[PDB]
Each structure stands twice: as structure tokens, then as C-alpha cells.
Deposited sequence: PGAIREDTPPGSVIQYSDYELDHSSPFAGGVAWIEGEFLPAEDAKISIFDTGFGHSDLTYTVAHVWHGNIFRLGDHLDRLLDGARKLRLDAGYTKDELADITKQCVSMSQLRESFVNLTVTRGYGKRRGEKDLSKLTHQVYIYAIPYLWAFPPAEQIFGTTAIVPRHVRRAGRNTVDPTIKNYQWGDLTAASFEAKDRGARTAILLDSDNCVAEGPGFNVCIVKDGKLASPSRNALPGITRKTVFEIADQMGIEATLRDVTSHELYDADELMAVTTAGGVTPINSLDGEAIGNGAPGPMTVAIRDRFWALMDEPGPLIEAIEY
């Protein structure tokens, strides 16, 4: 339900308890039209979403009982499903209700919410939704005090003309390989390049590059992330020039600050690349400012958040 976060930091779980009388408490899956406890969530082994990874998905997070940019996530999910010739069979508004209901029944005030649309089995396409406890791409301690990264010697991000990274997918072959190479080298994570040695993204996150007070993030071989979108709105409001563009490998190694951004955990400072400190090897000023603002958004009433009705 929760884990430790650095005391006094901008990241704090809610203070509450699960009603264990309900089998739904702690995790809810909506599979084949029926809500289920997450423990029982199962799909046909013959779904081509398994055998061909023929699917797309999105993840929205719930923080302090508020779901963040669910409308943006449903647009991205439906747009990508259309690009894959997938028909969800539900309108966006319908999926929002089902998703909001999934969280409500879970009782999770902090939640990792996944909506998956697969090609299905014999051919009718399948929608799977689940809301489970919050998952961290990087532990909360690293959201606060920064993480470490390497660039893989042996791996590149798949290009948009192969397994298209601009559609959010489960095909992590390169991301998994890069992660193992990171652990092998004693790093927490990897930043992948594309085939032209431009920055692509990391396993499960976009990368933002700070140089001379400007913010850049890869435009081509990267998911158009909702967190990155949010980060760019924050930067804009701070009067920071933020640009989606090609970021070369030169720029990556030369950065003043680096950060990872993804729904599951927000904005993570990246303290070192290939063992070399970025800046002073601690979270950079813009990263701290953007991250603190990002977590404030989870509590400020406005169009980005919607209260779950528990």
C-alpha cells in the first residue's frame, strides 16, 4: 500500500488504511467486462497481446486520491490503438468511468493504473484495466536524491520504423537488455541512443536534458510522454525554454542536468552518466524546481487532476 519516502520531501503517501472486508481492497482488475480482485486478474494465454505483443497501453497514476491527466492518457491510448488498427470498443468517457471505478473499488489513494488494449484472440479486441498500488520506476529516495545512469555499450533503442517507440508498448527487448547492462555496470539505469546516436529514452521513461538554462527532450525515438508534457508546461510557466528536438550524444554527455520523467514516480534527477558526475553529481536546480512543482500539482485543484470518489 505504501513505502518509505524521504521525510519532509515533496513525495508523501496518504495516511489511511485498507478495508480488508472487501476482496477488492488493494488491487482491482477489469478484465472481459468484469471487475476482479487484482489477485485473480488473468488473461487468455492465446491473446495475441501476449503472443505477438500486439497491443498498446497507458499508465496513469493516482496520488492522494487524485488521478492525473486521465483525459490525456485516454487520448494517447486511443490514438495509438487507432495507429495499430485496434478498436477498443469503448468511448474515452466510458473508459474514464471504468478506470475511475477501478481505482475507487481498489481503495488505493496512491495507485499505478494501467489501461491495455490488445488485438485479442479468435478476432475481437480486448481491453484490460487495472489499478494496483503505486509503482516506482526509481525508488522515492532516488526521486529526491537522484539516480545514476549509463549509456549502453551494446544496446540501442529500437527505431520508429521497427518496434515503434512512439506507441506505448510492452516490447521491452532493448529496454530490458539496457537495464541489465546498467546493473552489470553498477548503475541504476540506462539512457539509450537511437541509430543516429541521438538520445532516445530509457527503460520506461523519457529523458530531459538541461544545458545553459534550456530544457530539451528527444522528439523522434521516444514516447511522447504525459510526464514530459507536464514537465514542459511547468518549464514554460517558469519561463524556461523547453524544446522537443534531436539531442545528440554529444549534448547528452555535456549536459548541465539530466532527468528521467515518467508517470510511475515523476521527475528523477540523474546524478552521473557513465560514472561521471553531471554538474556536482547531485540533483540540478531546474530538476529540483520542476520536480517539486510536479508533485505540488497532485494536490492543487485544477483541470489536470480529478478526484476519485471512494
Deposited positions lacking CA coordinates: 1-3, 126-135
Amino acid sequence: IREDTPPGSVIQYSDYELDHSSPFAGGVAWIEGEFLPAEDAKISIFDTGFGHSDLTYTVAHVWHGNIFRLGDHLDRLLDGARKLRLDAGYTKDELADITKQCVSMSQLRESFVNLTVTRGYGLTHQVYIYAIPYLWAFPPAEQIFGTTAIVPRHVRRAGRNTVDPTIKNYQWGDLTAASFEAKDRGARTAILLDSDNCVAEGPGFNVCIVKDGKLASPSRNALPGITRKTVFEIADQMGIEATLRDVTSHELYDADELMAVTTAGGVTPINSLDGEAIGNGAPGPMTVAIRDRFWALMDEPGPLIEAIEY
From here on, numbers count along this sequence of modelled residues.
Residue stretch of maximal mean CA temperature factor, 259-267 vs 25-33: 25-33
Average Cα temperature factor in the PDB entry - higher stretch of 106-114, 149-157: 106-114
Highest recorded Cα temperature factor - choice among 101, 206, 143, 176: 101
Criterion, highest CA B-factor; candidates, 180, 232, 170, 90: 90
Relative C-alpha B-factor of residue 83, binned into the chain's lowest, middle or highest third: highest
Residue 122 - Cα temperature factor, lowest/middle/highest third of chain: highest
Chain-wide C-alpha B factor ranking for residue 64, given as lowest, middle or highest third: highest
Where the record places residue 72 (Cα B-factor, split into thirds across the chain): highest
Cα B factor band for residue 201 (lowest, middle or highest third within the chain): lowest
